[PDB]
There are 4 protein chains.
Amino acid sequence: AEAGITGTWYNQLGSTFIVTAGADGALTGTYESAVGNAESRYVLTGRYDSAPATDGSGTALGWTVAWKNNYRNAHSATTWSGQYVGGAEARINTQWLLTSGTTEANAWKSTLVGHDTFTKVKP
Amino acid sequence: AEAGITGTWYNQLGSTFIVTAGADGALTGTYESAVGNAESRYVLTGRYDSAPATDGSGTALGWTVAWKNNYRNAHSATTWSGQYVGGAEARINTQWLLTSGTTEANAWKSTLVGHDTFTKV
Amino acid sequence: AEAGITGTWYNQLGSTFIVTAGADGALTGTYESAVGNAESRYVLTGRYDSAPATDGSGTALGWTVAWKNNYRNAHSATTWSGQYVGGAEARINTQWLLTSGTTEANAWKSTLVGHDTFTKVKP
Amino acid sequence: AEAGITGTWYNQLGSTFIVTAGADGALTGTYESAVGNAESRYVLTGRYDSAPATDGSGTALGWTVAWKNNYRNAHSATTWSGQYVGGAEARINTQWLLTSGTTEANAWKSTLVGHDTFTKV
Ligand SMILES: N=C1N[C@H]2[C@H](CS[C@H]2CCCCC(=O)O)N1
Ligand SMILES: N=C1N[C@H]2[C@H](CS[C@H]2CCCCC(=O)O)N1
Ligand SMILES: N=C1N[C@H]2[C@H](CS[C@H]2CCCCC(=O)O)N1
Ligand SMILES: N=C1N[C@H]2[C@H](CS[C@H]2CCCCC(=O)O)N1
């Protein structure tokens, strides 16, 4: 449901995610990371699959943040892939991939993988 | 490097995607796949880092496709993270995560992972 | 430290891991999963990097379980990659990959990825 | 299929590994890589599923290598999960996870992921 996803969310590292889910399955917003070579806010864009199922399944979504803004440029990008679960305690559970641009030679070590869980605070 | 990301790309599986790269880091276009509970075109949206570095590195980027359109709804979304490299043969090398919406009981098995290499050939 | 890793551990799904760390960096034991097409115990083998650093870094380790035993055979195998962290509350935090054998055609969907955290109970 | 996993395998990077497959599901041998803080041979231990299925599927397997030997200690371990396929050209297609031991502060960035394809050529 766009509505339930729309809002302010935080994860265990202390990062802030501000998102608006549109009618057409779109996600746009900003991300404020607490870690890495990233200073301030960064623009994020994603999609979410607007017609989930009835049942108590989660809504699948994903989004991307390129770590470049007017203050910094980390030459890397992260994509988060997960599910939105609503209720009194709404959560977004994800797995992410962080890729840094590298030379051919170090490409075998350009991607990190991990997972993040977000808790909603505001709409 | 340069506009170069913009265009039509193909992968091993036969999938095709057409993208437009904007001067400020945005990626927009459509994806049509060859495998899964997918049928037709789907919208894709992503980002790329508009200012790569100048030690022949690739340009980091990522994009998402929710698998729902006017014909099908597979209740899943795929994200591709990787880097673009130009030259006589430009390619995008990625690793992807495909998550399906499940009930909590099946959450442990909701995400698949793989890799895809796209070329304009 | 072999000693700290040796013991009985459980994760959030309710699975049991029994392991012995040997002097030479080896891990051998048994795994009892709570989920999947897996019934009973399965043999596990791994390695752990026996000389970590001084500092409060974790000890890197990994192990494999092939889901075939005398009662079942799921034609799949999982590998867990993580770090052991000791202290009063010793934990093993991992990320795993589950691969099922498939035909060439469905190979794009043969691997699942996720994460597990284990808590020690016994030595 | 059959003994077939046993032998010397090579990957794109130049890495080589020699393995012995036992009738009951065990895999043992040595790994020598071409990249990273690695120098010489390392011991590897894994498992394979000794009874694959009879719809031309691959044989699921996995193995681990801790990167410590009498010469180096990179304080990391790599696990490869994938499947073996025989035929004129047998290959092992894998995805791997490489974890480095960190302090809690750097745990978020302790694991790399990739893919490797091994052949006996
Ligand atoms: N909130 C989170 N921040 C870290 C993880 C995923 S991406 C990462 C921050 C990286 C910052 C930019 C960089 O260092 O490349 N979750
Ligand atoms: N070109 C690719 N197609 C498959 C992989 C990643 S996304 C996937 C197609 C999935 C279609 C929808 C589905 O079956 O869930 N690469
Ligand atoms: N304790 C755990 N069990 C599940 C995860 C990782 S492997 C998985 C169980 C799968 C059982 C066998 C199978 O279904 O293939 N953690
Ligand atoms: N053949 C491969 N070599 C690299 C990847 C996965 S394991 C890795 C070598 C790492 C060596 C030790 C290190 O640098 O940490 N594939």
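The residue that is nearest to ligand 2 (Cβ to nearest atom), counting only those in the range D:80-104 that are more than 18 Å from C:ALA105 (Cβ to Cβ) and more than 9 Å from every other protein chain (Cβ to nearest Cβ), is D:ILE92. Note on the range D:14-45: among residues that are loosely packed, with under 14 Cβ neighbours inside 10 Å and aliphatic (A, V, I, L, M), the one that is nearest to ligand 1 (Cβ to nearest atom) is D:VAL35. Taken over the range D:49-67, residues that are acidic (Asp, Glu) and closer than 11 Å to C:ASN73 by Cα amount to 1.
Just one of B:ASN106, B:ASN37 is closer than 18 Å to A:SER81 by Cβ, assigned to a loop (DSSP other than H, G, I, E, B) and of a type in the set (S, T, N, Q); which is it? First the steps, then the outcome.
On the way: B:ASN106 fails: assigned to a loop (DSSP other than H, G, I, E, B).
One residue alone meets the criteria, B:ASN37.
Selection of the range B:63-74 for residues being farther than 14 Å from B:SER40 by Cβ and either in contact with a helix residue (DSSP H, G or I) (Cβ under 7 Å, 6 or more places away or on another chain) or near ligand 2 (Cβ under 8 Å from one of its atoms) (or both) yields an empty set. Residues in the range D:35-60 that are within 15 Å of ligand 3 (Cβ to nearest atom), in contact with a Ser or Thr (Cβ under 8 Å, 6 or more places away or on another chain) and among the aliphatic types (A, V, I, L, M): D:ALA60 only.
Condition check ((1) crowded, with 22+ Cβ neighbours inside 10 Å; (2) within 16 Å of ligand 1 (Cβ to nearest atom); (3) farther than 21 Å from C:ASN37 by Cα) across all residues:
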| site | (1), (2), (3) |
| --- | --- |
| C:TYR71 | no, no, no |
| C:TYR84 | yes, no, yes |
| C:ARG91 | no, no, yes |
| C:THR94 | yes, no, yes |
| C:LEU98 | yes, no, no |
| C:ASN106 | no, no, no |
| C:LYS109 | no, no, no |
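Among the residues of the range B:95-110, not a single one is more than 24 Å from A:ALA38 (Cβ to Cβ), under 13 Å from the mean Cα position of the chain (by Cα) and of a type in the set (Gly, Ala, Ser). Just one residue in the set C:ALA60, C:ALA77 is within 9 Å of ligand 3 (Cβ to nearest atom), buried (at least 23 other Cβ atoms within 10 Å of the Cβ) and over 10 Å from the mean Cα position of the chain (by Cα); that residue is C:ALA77.
Any residue at all in the range B:40-56 that is of a type in the set (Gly, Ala, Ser), within 11 Å of ligand 2 (Cβ to nearest atom) and more than 14 Å from A:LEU98 (Cα to Cα)? Give the steps one after another, and end with the answer.
Residues of the range B:40-56 of a type in the set (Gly, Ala, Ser): B:40, B:46, B:50-51, B:53, B:56.
Now narrow it down to the ones that are within 11 Å of ligand 2 (Cβ to nearest atom): none.
Taking every residue of the range B:40-56 in turn, none turns out to be of a type in the set (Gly, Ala, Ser), within 11 Å of ligand 2 (Cβ to nearest atom) and more than 14 Å from A:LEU98 (Cα to Cα).
Taking the condition more than 7 Å from every other protein chain (Cβ to nearest Cβ), outside any loop (DSSP other than H, G, I, E, B) and among the hydrophobic types (A, V, I, L, M, F, W, C), does C:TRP96 pass?
Values: more than 7 Å from every other protein chain (Cβ to nearest Cβ): yes; outside any loop (DSSP other than H, G, I, E, B): yes; among the hydrophobic types (A, V, I, L, M, F, W, C): yes.
Yes.
Among the residues of the range D:46-67, the ones that are surrounded by fewer than 23 Cβ atoms within 10 Å (Cβ to Cβ) and either within 7 Å of chain C (Cβ to nearest Cβ) or within 10 Å of the chain's Cα centre (by Cα) (or both) come to 7 in all.
Every number here is computed from the coordinates shown, using simple stated rules; none is lab data. Don't worry about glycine lacking a Cβ; one is built from the backbone with ideal geometry, like all the others, and counts go over all protein chains shown.
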